[PDB]
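As structure tokens, the structure follows; a few thoughts come after it.
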Amino acid sequence: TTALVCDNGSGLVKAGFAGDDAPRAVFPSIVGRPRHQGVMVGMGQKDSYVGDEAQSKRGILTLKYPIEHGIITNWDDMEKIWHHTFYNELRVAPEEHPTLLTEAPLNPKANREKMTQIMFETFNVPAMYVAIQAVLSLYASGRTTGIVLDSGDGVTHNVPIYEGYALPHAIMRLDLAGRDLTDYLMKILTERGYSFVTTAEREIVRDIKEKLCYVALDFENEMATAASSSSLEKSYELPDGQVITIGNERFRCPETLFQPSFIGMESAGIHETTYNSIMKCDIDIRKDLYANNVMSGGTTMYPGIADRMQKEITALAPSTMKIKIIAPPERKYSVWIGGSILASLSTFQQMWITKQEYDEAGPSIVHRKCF
Amino acid sequence: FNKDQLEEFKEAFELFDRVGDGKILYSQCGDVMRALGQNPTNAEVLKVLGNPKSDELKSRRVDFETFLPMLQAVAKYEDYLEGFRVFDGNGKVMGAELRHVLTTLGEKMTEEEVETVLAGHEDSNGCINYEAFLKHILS
Amino acid sequence: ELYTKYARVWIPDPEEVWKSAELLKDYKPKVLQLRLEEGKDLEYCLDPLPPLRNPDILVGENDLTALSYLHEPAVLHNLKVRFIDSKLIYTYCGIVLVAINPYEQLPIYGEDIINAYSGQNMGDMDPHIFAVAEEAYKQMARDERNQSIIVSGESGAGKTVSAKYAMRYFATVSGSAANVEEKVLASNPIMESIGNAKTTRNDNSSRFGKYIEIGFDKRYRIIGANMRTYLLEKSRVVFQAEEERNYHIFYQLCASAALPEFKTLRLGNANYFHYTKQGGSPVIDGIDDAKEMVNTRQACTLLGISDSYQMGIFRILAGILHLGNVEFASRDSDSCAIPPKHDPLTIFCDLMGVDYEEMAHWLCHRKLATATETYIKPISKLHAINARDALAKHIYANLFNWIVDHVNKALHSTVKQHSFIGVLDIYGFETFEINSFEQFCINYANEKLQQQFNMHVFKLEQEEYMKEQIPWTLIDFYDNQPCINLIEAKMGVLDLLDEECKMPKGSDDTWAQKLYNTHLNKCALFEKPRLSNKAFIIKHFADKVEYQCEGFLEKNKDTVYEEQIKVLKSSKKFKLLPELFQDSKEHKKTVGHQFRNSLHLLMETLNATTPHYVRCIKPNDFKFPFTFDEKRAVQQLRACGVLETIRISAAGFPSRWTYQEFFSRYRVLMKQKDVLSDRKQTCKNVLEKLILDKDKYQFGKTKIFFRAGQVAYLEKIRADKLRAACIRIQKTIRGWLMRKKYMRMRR
Amino acid sequence: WXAXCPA
Ligand SMILES: Nc1ncnc2c1ncn2[C@@H]1O[C@H](COP(=O)(O)OP(=O)(O)O)[C@@H](O)[C@H]1O
Ligand SMILES: [Mg+2]
């Protein structure tokens, strides 16, 4: 009996069996409903579409994400996603081997309680556990001292882990993410006179951002270069066949991670919160956290975000204590790979929340047994 | 022992005196007791002799008067038959087996002694009537 | 109490593990007055008893269950006397046949003796290996269920010599016109050269279980054979402890590095290559590897594996050695590289016929891929070295499996195999000054195979018990399952080993700590030495054994990156190399788990079959013929499980006598007045007079079952009674004699 | 969420 692992990404679910190298199922966590009167009788319609169903039909649909900012906002959509995950794509009855689910830290208590409830009552899973993603990124990167910048959709957070101990008071959480990058990128593209106004083309701008964006190693010289010369501009075929051409706007979007002030965000960016997260730590460990400094999650995939982070923290750190970055190319999957190895540890098999214990203690069980 | 017994025993004792001093050796005491009708074991003979050491057993000489308490102490059929039935169920015993056990266990005798007592008592098959042999050796 | 004046006892001693002693004055309740054969008295002390000695009728017997004190000294004595004074080399102990290597040639194996043993039942004869092969062959003839002979010990002890004669027996009695007698023995030089290795304590130790099926048709003609192998210790290829060697073939190659046939392999001396140099001991005294290479090639040629295949095998092995020299420059914690012109890889690529730039790319990187996208990822120097060594182990294990398939290809016949008799050679229980993962696996396998032996014995003695209507409750199954559950099962010592194989920055220190956290006070069979936090102790079946945790994890890790296999499958140059690979999870599985599985395939081969057991014992190191070091033999008898079997049997009813044989002995202990026209009732009464009847010994339908000592007690009273009777009768005859000398004087 | 933000 091999456990299941699936990751409740705020944008893209990742699922497979424990001890697999990379997930078998990957599909956007998106639920599509038709918004038009279909005329044909005998069409063979169905009510609504999940994941890879709703991508191809998106022009006909309205698309909702049930998860925003690591919070499951519509559990009735969410159930459909899990149902599709286990039965349709995996071809597994979840009742027959256990399951592991992954969460951003410090999200509201209900997300754990109601996820556990739905797992035991609805799917009748043998046993369950939930785990902090930025813990698993260290299992994935092969380390036990770490500071982790984790950014998916929805959430960015810093969690320090020194020699296997977490430091709860040092956790930083922030709400810049690929969604707010995209919703900024549409408004900056409007400056060129391109318009994207409904959900079915948000999924176009997301692909534009994925292919073309990059981060300036130093921003203001390259902003002036773009104002000086067009050699930065590159062009993209919209799905119909209309070309669009984009210039400084492609780097200006991922800059907002470093200057959230463009979004109108209150906080500092991921560099200065990373440094403040180290500054919360005691002075014995900071030297080690500067070396084992890890990038995790897909929003960290922009070309050059590593070298930009290394530069801008080097300008904050003491000159003598050298600082490093770790940014493996897999890292989009690293939270899953870490969950896959974690679930397969013989030592872990005691840790599962079994259904008997849940029936004893109720949905409150999670906070007691789990981190 | 009465005077007649003491006289017969003294005469017999003097017959065993091979030096003329009226004495026998400790090692002859058992022989004299057996010649006089006693059947002590060698262990019993040494016990009544006081478990003597080799040197005095072979060269120390004692007169009748010291021997006499020992003779007294030594002096003071169905078991014998069952003992022979040990080596039996046609009432016979191989001569070879009796010879082997008498020459190899217990207070071992010489092969010549065993041949001497066994001489004429075994038949052509080599069997001894043990009830008759026992009565014969007890006569 | 049995102890009396002129009783005998054994006493411990350094220079013979036991010495004879005679009890010089009766014991009653703290120090014993004992005569010794070297001095009239020395005195022996009783502390928080000495083991008694068996009576003379019992000693020297054909079967160690016929003894009445089941003691290490009694076992050692019976073996010593049979070996030295009678030149009897085979002995029985329960089911087992104990063979003691005569280590000299002897005229025992001729045709007339084969014709003597064929047709007998097991107990009808003095023990001999033919009395095992016949016991198997008849049960195959009787029944559907076919047969397997298991042979255990150190490889020096002559197991090949046992199998040789078992096969000769089958081939002679079968009535077969085939000729497996030659081809099987002709295979042994290659199977050693690939599968046999010099260990720290012994030369030419075999490191795998070799299973020969002998096939019979429906007519019980021998049609052929099928060789299998199991439990190979792959890890020896890439690692050794001090003064070991890896498998002989690499040295037989490095001695032939001079020769015209092998020029292109560019072999150096054995210190030139990282896999051969680690042991620090190229030479084995008295053996030219260079000559043994000739016998190996002639054996290949006599099996008819082609000269081209032979040159391919040798070029693969040179490949492996050149692979093991490739050396990685660290660039970063997460990256390493191979230097720009590096000669070992340059030669390896030419031997294998591959592009240098692809080996160099794939040796330093791994490929990760979900079905939508693929990432090519750098790895640490440590992981790249582990991957290199796991590739060398994979190439070797596949070559071994291919050579064994060509052997079977020569050994099978097109005739249908109707049934088979298997002969299994497997290593005995192993313990040294220093114990490692290799010994740990060898001992775990011996724990399995001793569990099976204990099952088989217990089942057959419950058959004998009901054949005599004696109740099954009396026999107890002595069970080592709590040790197997400790090693084998989840949260066990192997499972926690693989767990730190996969856990980040695992190490021997933290694995040892995880052991202590999980077992130290929780299990009776697991212990830790006081002075060390880097070892553990198992109260293991034959002995306590201390395993040193330095470098299990380095040996246990096996992972092979499929890209590095597939690059080799890309070789056009020569047939063999793609042949090896042709036919996943297997690449992820560690050495320990692959061993645990191979052991299940072994057990599920044996459990389908009727066992028979042989044990082999090495009398001395020095190759002295027919001399017997008590120090050595007691160690072998422990390592063979013989002593622990005998200690398991003493807890039962060791000694069995037929009523008329008992009466034939103990009539002396009886009186005709008591005896009756039925011998069974007579002995039932007499013996119940002589002993506490019910619990102490028992009556079966046909046989009388005693606990161990009690036959000796009967011999003791019988002997003393017989002596007393003899003494009385002879003192009577002495009195008659001195009366006759008085008659001489009257004459 | 429930207050300080859209979720
Ligand atoms: N190669 C890429 N470059 C830039 N952004 C990407 C890339 N791949 C995914 N993203 C964006 O990051 C988010 C998905 O990241 P992911 O780690 O899958 O989040 P989660 O695991 O929380 O669902 C989406 O906003 C997606 O558009
Ligand atoms: Mg994520």
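The way I read the labels, and the way they are meant: chains A, B, ... in the order of the structure tokens, residue 1 as the first residue of every chain, and ligand 1 as the first ligand shown, with later ones counted on from there.
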- Message: I'd like the neighbourhood of residue 166 (chain A) as number ranges by chain, where a residue qualifies if any of its atoms comes within 12 Å (using only C-alpha atoms), though same-chain residues fewer than 2 positions away should be ignored.
- Response: A: 105, 132, 134-135, 138, 144-148, 158-164, 168-171, 281, 371
- Item | Residues of chain A within 12 Å of chain D, counting only C-alpha atoms, as a list in words |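 Per the criterion, chain A yields residues 65, 66, 67, 68, 69, 70, 71, 72, 73, 74, 106, 107, 108, 109, 110, 111, 154 and 175 of chain A.
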- Task: From region 29-201 of chain A, collect each residue whose DSSP state is alpha helix (DSSP H) and return the set as number ranges by chain.
- Result: A: 52-56, 75-83, 109-117, 133-140, 178-192, 199-201
- Task: List all protein, DNA and RNA residues that have at least one atom no more than 8 Å from any atom of ligand 1, counting only C-alpha atoms and all ligand atoms, and write them as a ChimeraX atom specification.
- Result: /A:7-14,28-29,70,151-155,177-179,181-182,206-207,209-211,213,296-302,332-333,335
- Which of region 148-325 of chain A DSSP labels strand (DSSP E or B), written as JSON, numbers by chain: {"A": [148, 149, 150, 151, 156, 157, 158, 159, 160, 161, 162, 165, 166, 172, 173, 174, 234, 235, 236, 237, 243, 244, 245, 246, 293, 294, 295, 296]}
- Task: Mind checking which residues fall within 8 Å of residue 116 (chain A), counting only C-alpha atoms, ignoring those fewer than 5 positions away in the same chain, and posting them as a list in words?
- Result: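 Contacts, with the query itself left out: residues 128, 363 and 366 of chain A.
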- Mind checking which residues fall within 9 Å of region 615-630 of chain C, counting only C-alpha atoms, ignoring those fewer than 2 positions away in the same chain, and posting them as a PyMOL selection string? chain C and resi 15-18+76-77+80+83-84+87+96-104+150-159+162+613+632-637+640+642
Emit the selected residues as a compact mmCIF listing (two decimals), in the first residue's frame, including N, CA, C and O atoms.
```txt
# COMPACT_ATOMS: atom_id res chain seq x y z
N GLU C 15 43.11 -25.09 26.12
CA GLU C 15 43.87 -25.67 25.02
C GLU C 15 43.24 -26.93 24.45
O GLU C 15 43.63 -27.37 23.37
N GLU C 16 42.29 -27.52 25.17
CA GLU C 16 41.21 -28.31 24.60
C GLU C 16 39.95 -27.84 25.30
O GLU C 16 39.94 -27.77 26.53
N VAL C 17 38.91 -27.51 24.53
CA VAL C 17 37.81 -26.75 25.10
C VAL C 17 37.24 -27.47 26.32
O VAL C 17 36.71 -26.83 27.24
N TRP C 18 37.35 -28.79 26.35
CA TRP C 18 37.04 -29.56 27.54
C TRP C 18 38.20 -30.51 27.82
O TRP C 18 38.86 -30.99 26.89
N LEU C 76 31.83 -32.96 20.82
CA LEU C 76 33.22 -32.86 20.41
C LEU C 76 33.96 -34.18 20.57
O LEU C 76 34.74 -34.58 19.69
N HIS C 77 33.71 -34.89 21.66
CA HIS C 77 34.36 -36.18 21.89
C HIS C 77 33.93 -37.22 20.87
O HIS C 77 34.77 -37.95 20.34
N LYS C 80 35.58 -36.38 17.61
CA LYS C 80 37.01 -36.67 17.68
C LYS C 80 37.29 -38.16 17.58
O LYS C 80 38.15 -38.58 16.80
N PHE C 83 36.37 -39.59 14.05
CA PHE C 83 37.30 -39.10 13.04
C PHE C 83 38.70 -39.70 13.20
O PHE C 83 39.32 -40.10 12.21
N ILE C 84 39.22 -39.76 14.43
CA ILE C 84 40.61 -40.16 14.64
C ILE C 84 40.79 -41.67 14.68
O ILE C 84 41.64 -42.23 13.97
N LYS C 87 38.37 -43.58 11.62
CA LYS C 87 38.35 -42.96 10.30
C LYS C 87 36.94 -42.99 9.70
O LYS C 87 36.75 -43.26 8.51
N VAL C 96 19.95 -34.30 10.76
CA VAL C 96 21.11 -33.81 10.04
C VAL C 96 22.10 -34.94 9.80
O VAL C 96 22.20 -35.89 10.59
N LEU C 97 22.84 -34.84 8.70
CA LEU C 97 24.11 -35.54 8.54
C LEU C 97 25.23 -34.55 8.79
O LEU C 97 25.27 -33.48 8.18
N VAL C 98 26.14 -34.89 9.70
CA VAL C 98 27.31 -34.07 9.94
C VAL C 98 28.47 -34.71 9.20
O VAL C 98 28.84 -35.86 9.48
N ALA C 99 29.05 -33.97 8.28
CA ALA C 99 30.24 -34.39 7.57
C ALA C 99 31.44 -33.64 8.09
O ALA C 99 31.39 -32.43 8.31
N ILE C 100 32.54 -34.36 8.29
CA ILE C 100 33.76 -33.76 8.79
C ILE C 100 34.80 -34.02 7.71
O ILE C 100 35.08 -35.17 7.37
N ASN C 101 35.36 -32.94 7.19
CA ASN C 101 36.13 -33.03 5.97
C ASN C 101 37.39 -33.87 6.20
O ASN C 101 38.25 -33.46 6.98
N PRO C 102 37.53 -35.03 5.55
CA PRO C 102 38.71 -35.86 5.82
C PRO C 102 39.95 -35.16 5.34
O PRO C 102 41.04 -35.38 5.86
N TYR C 103 39.77 -34.32 4.32
CA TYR C 103 40.74 -33.33 3.89
C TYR C 103 41.98 -34.06 3.38
O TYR C 103 43.11 -33.56 3.44
N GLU C 104 41.70 -35.26 2.89
CA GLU C 104 42.56 -36.35 2.44
C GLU C 104 41.69 -37.18 1.50
O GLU C 104 40.47 -37.23 1.67
N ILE C 150 20.26 -29.58 1.24
CA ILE C 150 20.90 -28.34 1.66
C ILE C 150 22.24 -28.67 2.31
O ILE C 150 22.32 -29.57 3.15
N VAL C 151 23.29 -27.96 1.91
CA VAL C 151 24.64 -28.20 2.40
C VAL C 151 25.23 -26.89 2.90
O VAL C 151 25.26 -25.90 2.17
N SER C 152 25.70 -26.89 4.15
CA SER C 152 26.01 -25.65 4.86
C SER C 152 27.40 -25.72 5.48
O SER C 152 27.84 -26.78 5.93
N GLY C 153 28.08 -24.58 5.50
CA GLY C 153 29.37 -24.47 6.16
C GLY C 153 30.20 -23.39 5.50
O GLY C 153 29.73 -22.64 4.66
N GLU C 154 31.45 -23.30 5.94
CA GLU C 154 32.45 -22.54 5.19
C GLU C 154 32.78 -23.26 3.89
O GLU C 154 32.80 -24.49 3.84
N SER C 155 33.03 -22.49 2.83
CA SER C 155 33.25 -23.08 1.51
C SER C 155 34.47 -23.99 1.49
O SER C 155 34.52 -24.95 0.71
N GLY C 156 35.48 -23.68 2.31
CA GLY C 156 36.62 -24.57 2.45
C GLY C 156 36.26 -25.99 2.86
O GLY C 156 36.96 -26.94 2.49
N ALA C 157 35.17 -26.15 3.60
CA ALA C 157 34.81 -27.44 4.18
C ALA C 157 34.48 -28.53 3.16
O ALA C 157 34.21 -29.67 3.54
N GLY C 158 34.48 -28.20 1.87
CA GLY C 158 34.31 -29.24 0.87
C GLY C 158 32.90 -29.52 0.39
O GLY C 158 32.55 -30.68 0.15
N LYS C 159 32.09 -28.48 0.24
CA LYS C 159 30.72 -28.68 -0.22
C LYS C 159 30.68 -29.14 -1.67
O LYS C 159 29.83 -29.96 -2.04
N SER C 162 30.92 -32.70 -1.60
CA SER C 162 29.65 -33.35 -1.30
C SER C 162 28.75 -33.43 -2.53
O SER C 162 28.19 -34.49 -2.84
N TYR C 613 19.23 -32.26 5.09
CA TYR C 613 20.32 -31.40 5.53
C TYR C 613 21.64 -32.15 5.63
O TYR C 613 21.68 -33.31 6.06
N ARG C 632 39.01 -25.45 16.86
CA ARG C 632 38.45 -25.05 15.57
C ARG C 632 37.07 -25.67 15.43
O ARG C 632 36.10 -24.99 15.06
N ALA C 633 36.99 -26.97 15.68
CA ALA C 633 35.76 -27.72 15.51
C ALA C 633 34.63 -27.19 16.39
O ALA C 633 33.48 -27.20 15.97
N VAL C 634 34.93 -26.78 17.63
CA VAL C 634 33.83 -26.23 18.44
C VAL C 634 33.29 -24.94 17.85
O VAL C 634 32.06 -24.71 17.84
N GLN C 635 34.15 -24.14 17.22
CA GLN C 635 33.68 -22.95 16.53
C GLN C 635 32.84 -23.32 15.31
O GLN C 635 31.79 -22.71 15.06
N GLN C 636 33.28 -24.32 14.55
CA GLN C 636 32.51 -24.72 13.37
C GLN C 636 31.16 -25.29 13.79
O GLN C 636 30.12 -24.95 13.21
N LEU C 637 31.15 -26.17 14.79
CA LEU C 637 29.90 -26.76 15.28
C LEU C 637 28.96 -25.70 15.82
O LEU C 637 27.74 -25.90 15.83
N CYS C 640 27.71 -23.89 12.40
CA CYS C 640 26.78 -24.73 11.66
C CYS C 640 25.43 -24.91 12.33
O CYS C 640 24.58 -25.62 11.78
N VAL C 642 24.79 -26.79 14.69
CA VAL C 642 24.68 -28.16 15.17
C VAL C 642 24.46 -28.18 16.68
O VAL C 642 23.55 -28.85 17.19
```
- What residues in chain B lie within 9 Å of chain C, counting only C-alpha atoms, written as a PyMOL selection string? chain B and resi 15+30-42+80+82-87+101-102+105-109+113-114+116-117+134+137-139
- Note on the structure: Students should find that CA of residue 247 (chain A) and CA of residue 183 (chain A) are spaced 17.7 Å
- Restrict the distance test to only C-alpha atoms, flag each residue of chain C within 10 Å of chain A, and return the flagged residues as a PyMOL selection string. chain C and resi 333-334+368-372+374-378+490-492+495-500+502-506+514+518+585+588
Once you have the residues from the selection above, write them out as a PDB file, in the first residue's frame, restricted to C-alpha atoms.
```pdb
ATOM      1  CA  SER C 333      27.841  21.685  -3.394  1.00  0.00           C
ATOM      2  CA  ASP C 334      25.251  20.866  -6.087  1.00  0.00           C
ATOM      3  CA  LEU C 368      13.910  14.233 -14.143  1.00  0.00           C
ATOM      4  CA  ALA C 369      10.711  14.170 -16.169  1.00  0.00           C
ATOM      5  CA  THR C 370       7.010  14.424 -15.759  1.00  0.00           C
ATOM      6  CA  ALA C 371       5.243  13.491 -18.980  1.00  0.00           C
ATOM      7  CA  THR C 372       4.841  17.158 -19.980  1.00  0.00           C
ATOM      8  CA  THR C 374      11.876  17.321 -18.522  1.00  0.00           C
ATOM      9  CA  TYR C 375      14.653  18.882 -16.440  1.00  0.00           C
ATOM     10  CA  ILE C 376      18.343  17.985 -16.663  1.00  0.00           C
ATOM     11  CA  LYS C 377      19.829  18.553 -13.237  1.00  0.00           C
ATOM     12  CA  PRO C 378      23.355  18.644 -11.768  1.00  0.00           C
ATOM     13  CA  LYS C 490       8.971  -2.491   9.158  1.00  0.00           C
ATOM     14  CA  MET C 491      10.785  -0.311  11.703  1.00  0.00           C
ATOM     15  CA  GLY C 492      13.394  -3.083  11.710  1.00  0.00           C
ATOM     16  CA  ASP C 495      13.984  -0.842   7.087  1.00  0.00           C
ATOM     17  CA  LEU C 496      15.468   1.917   9.241  1.00  0.00           C
ATOM     18  CA  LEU C 497      18.604   1.554   7.127  1.00  0.00           C
ATOM     19  CA  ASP C 498      16.841   2.258   3.850  1.00  0.00           C
ATOM     20  CA  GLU C 499      14.968   5.080   5.588  1.00  0.00           C
ATOM     21  CA  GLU C 500      18.203   6.954   6.253  1.00  0.00           C
ATOM     22  CA  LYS C 502      16.484   8.220   1.548  1.00  0.00           C
ATOM     23  CA  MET C 503      16.301  10.778   4.391  1.00  0.00           C
ATOM     24  CA  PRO C 504      18.294  13.995   3.785  1.00  0.00           C
ATOM     25  CA  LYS C 505      21.850  14.080   5.157  1.00  0.00           C
ATOM     26  CA  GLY C 506      21.460  10.685   6.745  1.00  0.00           C
ATOM     27  CA  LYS C 514      17.666   6.062  15.439  1.00  0.00           C
ATOM     28  CA  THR C 518      13.734   2.448  18.431  1.00  0.00           C
ATOM     29  CA  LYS C 585      11.410   0.195  -9.600  1.00  0.00           C
ATOM     30  CA  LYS C 588      15.483   2.485  -7.221  1.00  0.00           C
TER      31      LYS C 588
END
```
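Atom to atom, CA of residue 520 (chain C) and CA of residue 354 (chain A) stand 27.5 Å apart.
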- Query: In Å to one decimal, how far is CA of residue 240 (chain C) from CA of residue 577 (chain C)?
  - Reply: 26.3 Å
- Query: If we count only C-alpha atoms, what is near region 416-427 of chain C at a cut-off of 6 Å, once residues fewer than 5 positions away on the same chain are taken out, given as a PyMOL selection string?
  - Reply: chain C and resi 147-154+209-218
Go ahead and write the residues just picked, N, CA and C atoms, as a PDB file, in the first residue's frame.
```pdb
ATOM      1  N   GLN C 147      12.568 -33.186  -4.094  1.00  0.00           N
ATOM      2  CA  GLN C 147      13.499 -33.231  -2.976  1.00  0.00           C
ATOM      3  C   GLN C 147      14.587 -32.185  -3.158  1.00  0.00           C
ATOM      4  N   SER C 148      15.117 -31.703  -2.036  1.00  0.00           N
ATOM      5  CA  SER C 148      16.230 -30.765  -2.054  1.00  0.00           C
ATOM      6  C   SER C 148      17.204 -31.096  -0.935  1.00  0.00           C
ATOM      7  N   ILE C 149      18.493 -31.094  -1.260  1.00  0.00           N
ATOM      8  CA  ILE C 149      19.570 -31.321  -0.303  1.00  0.00           C
ATOM      9  C   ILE C 149      20.248 -29.988  -0.024  1.00  0.00           C
ATOM     10  N   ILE C 150      20.257 -29.577   1.239  1.00  0.00           N
ATOM     11  CA  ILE C 150      20.902 -28.339   1.662  1.00  0.00           C
ATOM     12  C   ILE C 150      22.239 -28.675   2.306  1.00  0.00           C
ATOM     13  N   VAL C 151      23.290 -27.956   1.913  1.00  0.00           N
ATOM     14  CA  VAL C 151      24.643 -28.201   2.397  1.00  0.00           C
ATOM     15  C   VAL C 151      25.229 -26.890   2.902  1.00  0.00           C
ATOM     16  N   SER C 152      25.696 -26.885   4.149  1.00  0.00           N
ATOM     17  CA  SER C 152      26.009 -25.653   4.860  1.00  0.00           C
ATOM     18  C   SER C 152      27.398 -25.718   5.483  1.00  0.00           C
ATOM     19  N   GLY C 153      28.082 -24.585   5.498  1.00  0.00           N
ATOM     20  CA  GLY C 153      29.365 -24.467   6.159  1.00  0.00           C
ATOM     21  C   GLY C 153      30.202 -23.390   5.502  1.00  0.00           C
ATOM     22  N   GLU C 154      31.454 -23.295   5.942  1.00  0.00           N
ATOM     23  CA  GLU C 154      32.448 -22.542   5.189  1.00  0.00           C
ATOM     24  C   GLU C 154      32.782 -23.263   3.890  1.00  0.00           C
ATOM     25  N   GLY C 209      24.436 -18.194  -2.952  1.00  0.00           N
ATOM     26  CA  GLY C 209      23.839 -19.511  -2.910  1.00  0.00           C
ATOM     27  C   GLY C 209      23.748 -20.107  -4.294  1.00  0.00           C
ATOM     28  N   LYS C 210      24.333 -21.281  -4.497  1.00  0.00           N
ATOM     29  CA  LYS C 210      24.352 -21.935  -5.799  1.00  0.00           C
ATOM     30  C   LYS C 210      23.444 -23.151  -5.746  1.00  0.00           C
ATOM     31  N   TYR C 211      22.393 -23.140  -6.555  1.00  0.00           N
ATOM     32  CA  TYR C 211      21.371 -24.175  -6.524  1.00  0.00           C
ATOM     33  C   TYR C 211      21.423 -24.943  -7.834  1.00  0.00           C
ATOM     34  N   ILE C 212      21.727 -26.231  -7.751  1.00  0.00           N
ATOM     35  CA  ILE C 212      21.703 -27.125  -8.900  1.00  0.00           C
ATOM     36  C   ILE C 212      20.465 -27.992  -8.765  1.00  0.00           C
ATOM     37  N   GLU C 213      19.502 -27.807  -9.657  1.00  0.00           N
ATOM     38  CA  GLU C 213      18.485 -28.825  -9.863  1.00  0.00           C
ATOM     39  C   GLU C 213      19.078 -29.963 -10.681  1.00  0.00           C
ATOM     40  N   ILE C 214      18.864 -31.195 -10.240  1.00  0.00           N
ATOM     41  CA  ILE C 214      19.052 -32.365 -11.087  1.00  0.00           C
ATOM     42  C   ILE C 214      17.685 -32.790 -11.593  1.00  0.00           C
ATOM     43  N   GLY C 215      17.519 -32.828 -12.911  1.00  0.00           N
ATOM     44  CA  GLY C 215      16.230 -33.136 -13.499  1.00  0.00           C
ATOM     45  C   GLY C 215      16.060 -34.618 -13.788  1.00  0.00           C
ATOM     46  N   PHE C 216      14.859 -35.117 -13.512  1.00  0.00           N
ATOM     47  CA  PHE C 216      14.474 -36.476 -13.855  1.00  0.00           C
ATOM     48  C   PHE C 216      13.274 -36.432 -14.788  1.00  0.00           C
ATOM     49  N   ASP C 217      13.243 -37.356 -15.741  1.00  0.00           N
ATOM     50  CA  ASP C 217      12.047 -37.616 -16.521  1.00  0.00           C
ATOM     51  C   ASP C 217      11.051 -38.470 -15.739  1.00  0.00           C
ATOM     52  N   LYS C 218       9.916 -38.757 -16.379  1.00  0.00           N
ATOM     53  CA  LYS C 218       8.881 -39.603 -15.795  1.00  0.00           C
ATOM     54  C   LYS C 218       9.369 -41.025 -15.546  1.00  0.00           C
TER      55      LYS C 218
END
```
- Rank A:79, A:266, A:96, A:103 by their smallest atom-to-atom distance to ligand 2, using only C-alpha atoms and all ligand atoms, and report the top residue only. A:103
